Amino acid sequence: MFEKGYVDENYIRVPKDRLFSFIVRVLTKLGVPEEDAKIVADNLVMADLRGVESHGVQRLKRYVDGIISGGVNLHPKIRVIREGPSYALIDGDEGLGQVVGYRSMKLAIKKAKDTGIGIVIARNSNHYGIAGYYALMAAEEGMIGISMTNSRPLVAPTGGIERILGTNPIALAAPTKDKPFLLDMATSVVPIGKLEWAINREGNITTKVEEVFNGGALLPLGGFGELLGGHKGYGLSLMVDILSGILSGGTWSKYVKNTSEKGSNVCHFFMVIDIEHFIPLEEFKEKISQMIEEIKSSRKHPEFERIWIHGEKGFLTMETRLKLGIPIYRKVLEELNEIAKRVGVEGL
């Protein structure tokens, strides 16, 4: 069926349920409470299912190292710093990002349900995987969900060459008559996790392919200059840091550390709008689905086969891999079995 990425011989199909239980085995063996392990697995598996290799199991080694080094708190006391009927400022106590984000989004949904609006911001957290995972939580509840997060410095501001801004993604999910609308994008042309594109910044600023890791930097949405809107992708990145890092009293991208480090201080932004408080949900669903249908049905470009709606490719890719299995690269699969050997659990 349809699948977002290109899978060949260098890939091995792994039963979704198998990959999931594996992750849970490793995490619980390291002391992660079973329920928290299930949240992390759910988040990482969703990424693999939707075709986001960069944020799937390939990143399990990152969390494992963070747990072993004490850079990730196994029993975080996620505390509410400031709060109101429609908002809350949370301190993640260095817990897994998935756990901090899961609890933060659950609280935002609760507040929206009760007041119409829910805005929860968190600081002192860790990498939380795909932003769409949290936005979707609200959509599955019949509400609009928005999630953002800052990250390690990897992008250069317009007119500069240093890695100072994060890939800071933005995600919005809304319910429809069918599957939720789901926008989930890094504010840079591409995520660093992708490079296994367009973010061409070399030594002084060019491109290449491997000069990125060697003191290189990614480009913000819009591109290299100001001509094609590069300064806009740069602004969007700042919006994320202002709403996440600055407003929470946490920190911005430049100072976000790797997961293995204590005090990574990754910050997140969660916002939920209870559609029902505004207009009937069924009316909302009818109208948005009609918009989606009309957009898809609009005059296709000769070169193009189809006009997709955000989240569509991912849901189709998921559907496929659920009965066909999740394709995991060769070297990554080896990596996961080595992790299994190290911690002492059955591998894949």
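Residues carry their position along the shown sequence, with the first being 1.
The entry models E196 and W197 with a gap of 10 or more deposited residues left without coordinates. If you average the C-alpha B-factors over 9-17 and over 333-341, the higher value belongs to 9-17.
Mean CA B-factor, 100-108 versus 154-162: the higher value falls on 154-162. Across the residues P33, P302, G66, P280, the deposited record lists the maximum Cα B factor for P302. Across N43, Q58, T28, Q290, the entry's maximum B-factor at the CA atom is seen for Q58. The deposited CA B-factor of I309 belongs to the middle third of values across its chain. In this PDB entry, the Cα temperature factor of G223 sits in the top third of its chain's modelled residues, the highest group. Per the PDB record, residue ranking by Cα B-factor puts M185 in the middle third of the chain.
When the modelled residues of the chain are ordered by C-alpha B-factor, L322 sits in the highest third. When the modelled residues of the chain are ordered by their C-alpha B factor, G203 lands in the highest third.
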